[PDB]
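Below is one structure, written out as structure tokens; the observations come after it.
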Protein chains: 2
Amino acid sequence: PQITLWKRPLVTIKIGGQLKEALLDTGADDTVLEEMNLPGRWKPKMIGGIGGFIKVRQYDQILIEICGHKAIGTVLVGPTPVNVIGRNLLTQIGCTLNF
Amino acid sequence: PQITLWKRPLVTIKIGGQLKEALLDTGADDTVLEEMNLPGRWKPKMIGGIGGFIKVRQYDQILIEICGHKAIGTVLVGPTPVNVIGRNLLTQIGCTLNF
Ligand SMILES: CCC(CC)CN(C[C@@H](O)[C@H](Cc1ccccc1)NC(=O)O[C@H]1CO[C@H]2OCC[C@H]21)S(=O)(=O)c1ccc2ncsc2c1
């Protein structure tokens with residue numbers, strides 16, 4: 001679809017078999033989801049945002065469907081203010097900016 | 001134009017008679033720019049993201065040119081690690097997400 005930006009670009013995602021709402025965030029290199037249970041192994045990592053750095057759990061090679069489009073990639077889980085879909089997955093679903 | 005997301009979507013902007021580089025950021029409600037000494041009045045504000053909040057100065061009705069597209073709106077100035085063009089201005093240049 002073509003998404004205008006008068007509202008937040010929020011979409012429904014499926015991860016670990018569960019539906020959630022997430023923000024399509026072209027300013028995020030990485031995908032960061034709020035605290036949740038995910039199966040598989042993970043590794044502790046640090047990511048920095050506008051206000052500093054937080055601790056996250058890095059899950060690699062996770063299946064995630066974004067607005068009906070499948071991706072498989074890295075998902076960081078931690079105290080982000082909102083679920084964000086970053087460029088690592090936006091590229092997989094073929095997302096571009098256009099003006 | 002069409003911008004892919006393999007790399008950060010950085011573009012040149014013109015603001016306050018200065019040229020700078022900023023991200024086209026669909027996850028940013030507002031526009032947040034590096035410290036610069038703009039003229040005129042301003043209101044204090046706090047904006048939150050990964051890692052917490054930063055304190056910024058809110059300037060209204062600021063003229064900004066983004067890839068030769070003109071806009072006018074609110075700009076927040078403060079110790080942000082990256083210049084971000086937010087939805088308040090992206091809507092004005094006709095920017096959409098597409099997949
Ligand atoms: C609440 C949703 C997100 C936070 C998640 C908001 N951010 C915009 C993001 O695009 C931010 C913009 C950004 C980019 C780079 C440094 C600092 C901020 N990117 C970001 O934090 O990405 C992180 C995840 O991937 C990593 O790649 C970049 C940093 C990592 S922000 O910078 O904190 C921001 C911008 C305008 C704004 N107006 C009101 S609140 C508010 C918050």
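Note on naming: letters A, B, ... go to the chains in the order of the sequence lines (proteins, then strands), and numbering restarts at 1 for each one. Start at 1 and go down the list; that is how both ligands and their atoms are numbered.
The distance from the CD1 atom of A/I13 to the SG atom of A/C67 is 11.0 Å, given to the nearest 0.5 Å. In this structure, CZ in B/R8 is found 15.0 Å from CD1 in B/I3, a value given to the nearest 0.5 Å.
The local environment of CD in A/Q61 is sparse, with at most 12 non-hydrogen atoms from other residues, nucleotides or ligands closer than 6.0 Å.
Taking distance alone, with nitrogen or oxygen atoms compared against 3.5 Å, B/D30 approaches ligand 1 more closely than that limit. At a 3.5 angstrom cut-off on N or O pairs, A/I50 does not count as close to ligand 1. The shortest N or O to N or O distance between A/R8 and ligand 1 is not below 3.5 Å.
Counting only heavy atoms from C-beta outward, the side chains of B/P1 and A/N98 never approach each other to under 4.5 Å. Taking the side chain as every heavy atom from C-beta outward, A/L38 and A/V77 approach each other to under 4.5 Å.
Residues satisfying the ring-ring contact (aromatic ring centres under 6.0 Å, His included) test with A/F99, not counting sequence neighbours, are B/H69.
For A/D60 (side chain) and A/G73 (main-chain N/O), no donor-acceptor pair under 3.5 Å exists by modelled atom type.
Atoms of ligand 1 lying under 4.0 Å from any heavy atom of B/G49, numbered from 1 in the order shown and given with element: 33 (O). In summary, the atoms of ligand 1 found under 4.0 Å from a heavy atom of B/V32, numbered by their order in the structure, are 36 (C). Listed by number with element, the atoms of ligand 1 under 4.0 angstrom from any heavy atom of A/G48 are 29 (C), 30 (C). Ligand-side atoms of ligand 1 in range of B/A28: 35 (C), 36 (C), range being under 4.0 angstrom from any heavy atom. Every atom of ligand 1 is numbered from 1 in the order shown, and the set under 4.0 Å from a heavy atom of B/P81 is 17 (C). Atoms of ligand 1 found under 4.0 Å from any heavy atom of A/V82, numbered from 1 in the order shown, are 1 (C), 2 (C).
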Verify side-chain contact (heavy atoms from CB on, under 4.5 Å) between B/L33 and B/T80, making sure each step is shown before the conclusion.
-> CA-CA 7 Å; B/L33 300 180; B/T80 174; 5.6 Å; no
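Protein heavy atom closest to atom 28 (C) of ligand 1, with residue, atom name and distance, is A/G27 O, 3.7 Å. When only non-hydrogen protein atoms are considered, atom 8 (C) of ligand 1 lies nearest to B/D25 OD2, 3.1 Å.
Considering A/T26, B/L24, B/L76, B/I47 only, the shortest heavy-atom separation from atom 40 (S) of ligand 1 involves B/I47.
Looking at A/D29 against ligand 1, both its backbone and its side chain come within 4.0 Å, counting heavy atoms.
The list of side-chain hydrogen bond (donor to acceptor under 3.5 Å, both in side chains) pairs with a residue in residues 16-25 of chain A, not counting sequence neighbours, is empty.
Not a single heavy atom of B/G86 sits under 4.0 Å from any atom of ligand 1.
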